[PDB]
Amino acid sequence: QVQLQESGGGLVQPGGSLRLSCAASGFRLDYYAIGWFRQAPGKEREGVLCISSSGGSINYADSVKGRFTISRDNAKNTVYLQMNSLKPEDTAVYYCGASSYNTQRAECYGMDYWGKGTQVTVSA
């Protein structure tokens, strides 16, 4: 059963830290490029951070520069989104997806598989 699990979401105090994780099962993500996305209520699902299969290329979304951090562990089949700083406008359901498309790059336009998402809420 090919699956992606998201963990770590919850409620936080602005300026707070939080570590989300994306565990894969039913397949090895060693040769996939993994990307984190988010969807706030009403708005369209934007992308947050992306990483290549080697971890050598990471690309950000402008709103989270120097605040959010992606990292991958191929042997653990998990990927982590270290979210520091933290904003009321950061509140959304954060999805995690994997692509088999140009995996030596950190593009993350299209996706092969998606996670069900975990909500991160920041008190206004």
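Numbering starts at 1 and follows the sequence shown.
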Comparing mean C-alpha B factor in the record for 45 to 53 and 85 to 93, the higher one is 85 to 93
Taking the deposited Cα B-factors and averaging over 36 to 44 and over 69 to 77, the higher mean is found in 36 to 44
In this crystal structure's PDB entry, the residue among 21, 103, 17, 25 with the greatest CA B factor is 17
Entry-reported C-alpha B-factor of residue 108 relative to its chain, by third, is middle
Temperature factor at the Cα of residue 99, chain-ranked in thirds, falls in the lowest
